[PDB]
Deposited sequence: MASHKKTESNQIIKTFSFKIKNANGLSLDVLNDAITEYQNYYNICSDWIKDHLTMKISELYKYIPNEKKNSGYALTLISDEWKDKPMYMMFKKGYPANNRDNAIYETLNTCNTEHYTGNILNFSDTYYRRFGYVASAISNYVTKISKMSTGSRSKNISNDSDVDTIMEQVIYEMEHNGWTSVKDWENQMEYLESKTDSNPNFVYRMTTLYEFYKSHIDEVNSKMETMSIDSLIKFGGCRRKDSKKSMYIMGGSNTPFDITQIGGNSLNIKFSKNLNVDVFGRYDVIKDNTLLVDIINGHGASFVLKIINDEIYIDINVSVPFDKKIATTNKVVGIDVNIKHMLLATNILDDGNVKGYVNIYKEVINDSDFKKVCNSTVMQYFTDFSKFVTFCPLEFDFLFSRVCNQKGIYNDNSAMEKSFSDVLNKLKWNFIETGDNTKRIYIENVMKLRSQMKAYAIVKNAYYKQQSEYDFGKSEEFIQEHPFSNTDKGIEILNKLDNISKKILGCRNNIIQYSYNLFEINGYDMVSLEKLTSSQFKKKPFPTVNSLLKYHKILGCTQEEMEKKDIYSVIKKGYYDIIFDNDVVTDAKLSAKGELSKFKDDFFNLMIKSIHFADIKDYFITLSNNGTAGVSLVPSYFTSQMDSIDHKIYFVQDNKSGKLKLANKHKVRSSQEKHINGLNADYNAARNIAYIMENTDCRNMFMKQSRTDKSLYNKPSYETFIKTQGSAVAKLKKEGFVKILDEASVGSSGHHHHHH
């Protein structure tokens, strides 16, 4: 837009306020409410005029600004006879759109802007903060607005209705309005050596169709878009997000200066003068770790969290991160049925800083006397390779049964395993080692908090059923269980438990990543779980337990924290396909298709002979440690952009069918019995 980043990243730091010179909690809350009200009214105005001629807005510009650059574009022949939503597209000039819409809002004055509570100057608060925020939100809504034409695979060779639908999809989904931009994209595609002619045939055919069919395709696209936007509820602003955004001017006074005691003073314009506690990553012993003094942006955010006022200062900081080599790849099978992070590393006892819980659970005198043969075999198999956070779900359910009074088979080994974990925690407490003790306590706390989350969420469901029963539809649809006092208390408990679960999971992930860094590994591989693949469903309690507590750990987000760690770390993270890692044999690297997930049936083991989780981890590692398999499946990320929160390598496979078709061509297939 107006800020450009080159080999750098914009980092936002939230600072807790202290000595707020008149910026009280109630006053800031009222100011935030007024800001949200103004934003909502402007969004409503944008909605009500969204399917309206652009050149009609020219009548709103004041006479003294008729010769302005942006006003001329309003009545220019290119956009003279187009609906207003067309300015929220790549073709239209962004700055002209912003200025023209701001002028229309100011002249119309659909909300009586008499001034805000905090007495910010009008330019920032109105023109730059909320009007610009609303315009940017409507841009991000309209730009990729899919009229409902679902893309289909059999592509060009079909009927004329197919041609129409696919041309609409291709013009819209990537945001095209003009033929010139489309021709520029075709030139870009033809410049690239990697043709991929299968899609190129479709692209060229629909380009040729669009060449001589502009009038009716434009008319039908406009009609479909208008139809979609009539029933659009508008970019409304939620009331549960207490926040306010301000943008300073080019010459505005916005100075941040140290005031001793690891504190900072923020002085913006003339109506803002506050002090902030500081942060351990920006200031350390009165010394600065980031160039916040002379690198901070001109925009800040005032927000309230837990009835505490924060201010967000964002700074452009250098970010030198490269793609990671693959001289030593670590595969991680993220399946949380038994453990949390399976790994393809054999545990020979020479992994520096690694504690194997499974190794010292099967070597515990008290545990041997209780665990049956099958579980003992499970734990002997797991202990042979590196693994993290033993998370036996049936064990948590047995604990739930113990609490609820229902007998369960695993009850004795529950106490046994917990006693082993506590013994490990105390051994590491007395030994003085910090990281291992942190890991052990995090595993124990996470195990307890998943059960707590399940209990509290089941109680939430039961209480919602109790309160909602026998009431009118209007009464419950306007006064839901979420916003009542009992509901808000329950959701507060849920949020606390969720935060603690996320914290323990992040600590475990960081421990694993530190282990990988110390051991000399260079690359980390995970499945690209775009969403929870297990998100679909007396034993109803067990099923709900398992499902909601899959959802609680942020099962698909576990990779995201791995990339977050890789940002400042020295090991890269890749997202490999999640369609066939659990089915590939790891000896000959082939696939059993004749597929079906029921391969892992014999005592939690694979037909190959190795353990199922170990097999999947080995497959995930192999996807990246072999050049051929990477080139087949794995596309290196763009090194010209920023690698912050971006994998070093990532898949271009979007469905199971494409993957299974891709395997067959080069081999990698076998037949089951």
Stretches with no C-alpha position, numbering per deposited sequence from 1: 1 to 3, 541 to 595, 653 to 663, 743 to 756
